[PDB]
Amino acid sequence: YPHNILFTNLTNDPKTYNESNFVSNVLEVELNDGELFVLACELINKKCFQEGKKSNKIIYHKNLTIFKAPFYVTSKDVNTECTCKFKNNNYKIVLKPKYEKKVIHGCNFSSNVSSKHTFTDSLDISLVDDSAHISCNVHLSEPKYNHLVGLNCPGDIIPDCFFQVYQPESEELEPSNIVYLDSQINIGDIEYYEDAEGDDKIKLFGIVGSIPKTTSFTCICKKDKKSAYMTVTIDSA
Amino acid sequence: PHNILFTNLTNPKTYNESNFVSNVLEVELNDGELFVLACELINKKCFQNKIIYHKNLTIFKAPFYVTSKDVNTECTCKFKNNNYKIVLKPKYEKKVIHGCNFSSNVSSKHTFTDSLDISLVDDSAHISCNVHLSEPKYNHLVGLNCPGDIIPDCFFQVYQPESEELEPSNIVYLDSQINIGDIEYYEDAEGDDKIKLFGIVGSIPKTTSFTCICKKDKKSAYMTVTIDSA
Amino acid sequence: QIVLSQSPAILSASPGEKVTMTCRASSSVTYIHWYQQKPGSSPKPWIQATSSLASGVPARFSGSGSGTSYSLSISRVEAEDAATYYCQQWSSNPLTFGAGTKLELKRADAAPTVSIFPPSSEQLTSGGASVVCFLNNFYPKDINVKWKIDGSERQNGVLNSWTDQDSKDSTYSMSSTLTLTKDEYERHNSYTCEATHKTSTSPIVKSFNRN
Amino acid sequence: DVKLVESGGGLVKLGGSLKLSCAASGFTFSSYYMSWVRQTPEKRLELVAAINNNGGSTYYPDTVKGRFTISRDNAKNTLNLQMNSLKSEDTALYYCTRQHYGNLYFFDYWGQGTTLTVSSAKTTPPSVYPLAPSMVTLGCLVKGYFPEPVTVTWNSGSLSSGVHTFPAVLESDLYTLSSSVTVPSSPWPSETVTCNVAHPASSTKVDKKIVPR
Ligand SMILES: *[C@@H]1O[C@H](CO)[C@@H](O)[C@H](O)[C@H]1NC(C)=O
Ligand SMILES: *[C@@H]1O[C@H](CO)[C@@H](O)[C@H](O)[C@H]1NC(C)=O
Ligand SMILES: *[C@@H]1O[C@H](CO)[C@@H](O)[C@H](O)[C@H]1NC(C)=O
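If you read the sequences in order, they're chains W, S, E and H. Using this note's numbering, read the first sequence as starting at 148 and increasing by one per residue. Using this note's numbering, read the second sequence as starting at 11 and increasing by one per residue. Using this note's numbering, read the third sequence as starting at 1145 and increasing by one per residue. Using this note's numbering, read the fourth sequence as starting at 4 and increasing by one per residue.
Written out as structure tokens, the structure is:
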């Protein structure tokens, strides 16, 4: 009993889409987050994924192509035009994700305001004291999660976030170490994303579902003699 | 449906919990094969490449080249309070790489048709290493082993062939250059040596050529590839 | 023809800073070569094929970009990096260079070692009379020079020349020379060389009197 | 600018007790983990004690646990370390250094240190002996003093080039060192050369003019 996926039977030998669903031999299919598109037809040039005025995962098999829609994108209308053939007809499939302004739950330490990304919190590190260490806290407490957590650091980051993260602060005199985010939040499906706007590096990760236990971690951002750190806290149950 | 291995563990060759041996499932995925498993993954992640994880289902494509017969991607399912393990690795074929090994180490995991120790060439020089391919259908691996910088990003980007007249040669995307679709790419590193290659399956529209440049210290070299059909 | 625009024209930075220059192309280009030129010498190959470093180029240097936007970046600027940098394309005839980005490096605020010279007695016999005034090893580059003959300014006949930033000590140096006829030189007594620099509120003057 | 100033170090007899204080300036003292770290004669670094930002919890490695006691007065921007039952092994140069959870507990600031000497030997003044027989090399033997330091200068400091002041060494329980000065044959003995040895612990100053044998 599956759902979400879309199947395009355009050959001979689950929402089913066929020739009837085309308009003037065009299929303006609008994919959603974590939605798997499937087609079964002999493509013209054995290839599709391009620009037409971004494929995370595409598997090309004989007379069959599987595509999973990505979870984060900033392009308004980034499309893919699978041009196929069946019988004596030529059909084209235009895939495009639903435009949604996903707001990154994190701290923008940079000062540029013409960024392609939107952060819930922000702290211009360039204004911070030299030889200082200011915090920018971030918290989450939803039953189910579908969020993007990251930061925009104009300088070096510590550690490699968010594949590696920094353990939370100890009340007693105990050390805090660097761990892999996989083990820290104790889930499997962790998407990772990286981007760069000039000197500003921006690294983030996606979380989907409900976490096992309420967990917290930290990521450190330094620029010249100034420094800062973002503390994240996600709640279970 | 002719190249799908389906393993049904939830509620086109369909395997079930009978093909398992002691709750283990060794899967030899042919280069032209797909694997679709239907189960509830223990940690929802797997495969200690091109994989797609969708809800309670997972699909994996066979890689063209395999370095060690032991390398494998392992999934663990939990159906009816029971644990089943699926080991997936491609059929072990020691394919040769049609390219030039510029490095000097001989204990490599990769075998090249041609080779040219760049360490021996003169400083401030630019020596060529040509590799040619002439078959109607192709199923080959073309790459190089450079101990230093590689120009450009090979083989996703490549360098146009030399112009007879005084015209410049530019960097192009390999997909456009050879004009085929599902070009698989692969990278590797043995110490300082970089091993970048690409696969090629099927015929080719028009006989075309390209070049990839490898420099080390003051020494330099370049590999020119040429593939033909029609 | 492809126009390569280099910005900024002058890149001022203090040692250690992470700096980046930009090569903006009129149309799309597949690669950009980078060459470094320090005064007295020809251009030197620096960055090959957009990102590859020429032999001996320090790892702090880096190149990136594509299409109509390329760049060169220095992670921790060192004093020896002060020079002019040129980007070069050849994706279509003709091969074109960039205007250049001259790298200014911040330094200790240095006062110029001024020194004035009366015209040589050899030149006097020939009928001429040029007064030379050197202003060496100063920082910042911003500076002004005026000649005060017996108090009054004489901008007519003044030639000025400036060196680019010294790669060793990151300072600048300037030479000024007021030329005069032998007759006009004899008609006055005081010959002053006034210089206005950030290092002082009052101008650094250097005068000589014909006794 | 951030500044940490250790103070209070000196000579303590075996089993004695001493308190070292550290003055902090130029930052929010209350937001940083402070720690005392000492450097042995073997030039190794050892964490003595550490304290949290609010002064609540503390840690001491088993080597000194119970003996020493760290403390901080955030109102006065001070860090104190009361060391009791001092043993000879505690003889070291003690640094006052800071950390922050927001910089991965990095020691980004250290004071110049205060020198602790744990010994029962009695304070003994030095005995300067002259060392006399191209660039002629003269010497100045400082023998039988305690404790460190000793300042050896040549010609009241003017003679600085070609001067090697070798480190001091324990003979039985007293120190002994020497300083080698190398001048050309022309200025000596025509012009005078004198080594100025001072021992502040014993309140003693000696000036020995080097004459030929
Ligand atoms: C595609 O549709 C035709 C007609 O509805 C049907 O006969 C055929 O079996 C279908 N093929 C697949 C693979 O679903
Ligand atoms: C697949 O598994 C379900 C489990 O409920 C079973 O009902 C079904 O018959 C199975 N089909 C095959 C082809 O094994
Ligand atoms: C290859 O040979 C070189 C010899 O210099 C050695 O340093 C390197 O470790 C070797 N690589 C492997 C994978 O053994």
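Every residue gets a Cβ at the ideal spot worked out from N, C-alpha and C, and that includes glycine.
**Study point:** Interface positions of the region 167-198 of chain W facing chain S (Cβ-Cβ less than 7 angstroms), listed along the chain
**Key:** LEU183, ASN192, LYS193, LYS194
Check your understanding: Just the Cα atoms here: how many angstroms apart are E:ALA1157 and E:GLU1224?
Key -> Roughly 13 angstroms separates the two Cα atoms.
Check your understanding: If you measure from each residue's Cβ to the nearest non-hydrogen atom of ligand 3, which ones come out under 6 angstroms, in chain order?
Key -> S:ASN115, S:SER117, S:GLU200, S:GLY201
Review point. Can you list every residue whose CB sits closer than 6 angstroms to some heavy atom of ligand 2, going in chain order?
Key: After applying the 6 angstroms Cβ criterion, the set is S:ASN18, S:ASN21, S:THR24, S:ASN26.
Check your understanding: Quick one, which residues of the region 158-192 of chain S are near chain W if we go by CB-CB under 9 angstroms, in chain order?
Key -> Here the close residues are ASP185, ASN189, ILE190, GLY191, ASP192.
**Study point:** Contact set for E:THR1245: own chain, Cβ-Cβ below 6 angstroms, skip 5 residues either direction
**Key:** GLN1150, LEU1155, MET1165, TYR1229
Check your understanding: Closest Cβ-Cβ distance between W:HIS208 and chain S: below 8 angstroms?
Key -> Chain S contact via Cβ: present.
**Study point:** Segments assigned beta strand (DSSP E), at least 3 residues, entirely inside the region 123-149 of chain H
**Key:** 130-134, 138-148
Check your understanding: For W:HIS280, which residues in chain H fall below 7 angstroms Cβ to Cβ?
Key -> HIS103, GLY105, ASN106
Review point. Can we count W:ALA384 as close to ligand 1, meaning its CB is less than 7 angstroms from some heavy atom?
Key: Answer for W:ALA384: no, Cβ out of range of ligand 1.
Practice item. Count the other CB atoms, across all protein chains shown, that sit within 10 Å of the CB of S:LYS204; report buried if there are 16 or more and exposed otherwise. Key: buried
Check your understanding: Within the 8 angstroms Cβ cut-off, does E:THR1194 reach chain W?
Key -> no
Practice item. Please state if the CB of H:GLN42 and the CB of H:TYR98 are separated by a distance shorter than 8 angstroms. Key: Taking C-beta atoms as the reference points, H:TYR98 and H:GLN42 count as a pair closer than 8 angstroms.
Check your understanding: Mind checking if E:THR1164 is an interface residue toward chain W, Cβ cutoff 8 angstroms exclusive?
Key -> yes
Review point. When you compare each of E:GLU1266, E:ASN1333, E:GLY1207, E:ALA1193 to E:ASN1355 by their alpha carbons, which one comes out closest?
Key: E:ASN1333
Practice item. Starting from the beta carbon of W:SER374, find every residue of chain H whose beta carbon is closer than 9 angstroms, and list them in chain order. Key: Here the neighbours are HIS103, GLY105, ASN106.
Point to revise | S:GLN58 to W:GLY356 span [Cα, whole Å] | key: One C-alpha to the other measures close to 22 angstroms.
**Study point:** Proximity test, Cβ basis, 8 angstroms: H:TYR98 and chain W
**Key:** Among the residues facing chain W, H:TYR98 is not included, as its CB has no counterpart in that chain under 8 angstroms away.
Check your understanding: chain W partners of H:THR154, CB-CB under 7 angstroms?
Key -> Within chain W, no residue comes near H:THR154; the closest Cβ sits about 34 angstroms away, beyond 7 angstroms.
Check your understanding: Going by the CB atoms, is the gap between S:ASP41 and S:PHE74 shorter than 8 angstroms?
Key -> Yes; because the gap between Cβ atoms is below 8 angstroms, this pair is in contact.
Check your understanding: What does DSSP give as the partner residues of H:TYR104 in its beta bridges?
Key -> Beta-bridge pairing links H:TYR104 to no other residue.
Review point. Among H:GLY105, H:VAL145, H:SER137, which one has its Cα closest to the Cα of H:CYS198?
Key: H:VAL145
Check your understanding: Which residues in the same chain have their Cβ closer than 7 angstroms to the Cβ of E:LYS1182, if we skip the five residues on either side of it in sequence?
Key -> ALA1227, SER1311
Point to revise | Any chain S beta carbon closer than 8 angstroms to E:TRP1234 | key: yes
Practice item. Take the Cβ of E:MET1318 as the centre, count every other Cβ of all protein chains shown within 10 Å, and call the residue buried at 16 or more, exposed below. Key: buried
Exercise for review: Report the partner residues of E:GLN1181 according to the DSSP bridge assignment.
Suggested key: E:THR1228
Check your understanding: Between the C-alpha atoms of E:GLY1295 and E:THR1336, what's the straight-line distance to the nearest angstrom?
Key -> Roughly 8 angstroms separates the two Cα atoms.
Review point. Where W:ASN299 and E:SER1235 are concerned, what is the direct C-alpha to C-alpha distance, given to the nearest angstrom?
Key: 35 angstroms
Point to revise | Coil, strand or helix - E:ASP1310 by DSSP | key: Three-state DSSP puts E:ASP1310 in coil, outside helix and strand.
Review point. Residue range of the alpha helix (DSSP H) that E:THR1269 falls in?
Key: 1265-1269
Check your understanding: Helix, strand or coil for H:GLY160 per DSSP?
Key -> helix
Check your understanding: Within the present structure, is the beta-carbon of S:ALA231 separated from the nearest heavy atom of ligand 1 by less than 7 angstroms?
Key -> Because no heavy atom of ligand 1 lies under 7 angstroms away, the Cβ of S:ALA231 does not count as near it: no.
Check your understanding: Can you tell me the Cα-Cα spacing of W:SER262 and H:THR31, whole angstroms?
Key -> 33 angstroms
Check your understanding: In terms of alpha-carbon separation, which member of W:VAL220, W:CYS188, W:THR212 lies closest to W:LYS201?
Key -> W:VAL220
Review point. Within the 8 angstroms Cβ cut-off, does W:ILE272 reach chain H?
Key: no
Review point. Taking Cβ positions only, does W:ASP347 come closer than 8 angstroms to chain E?
Key: no
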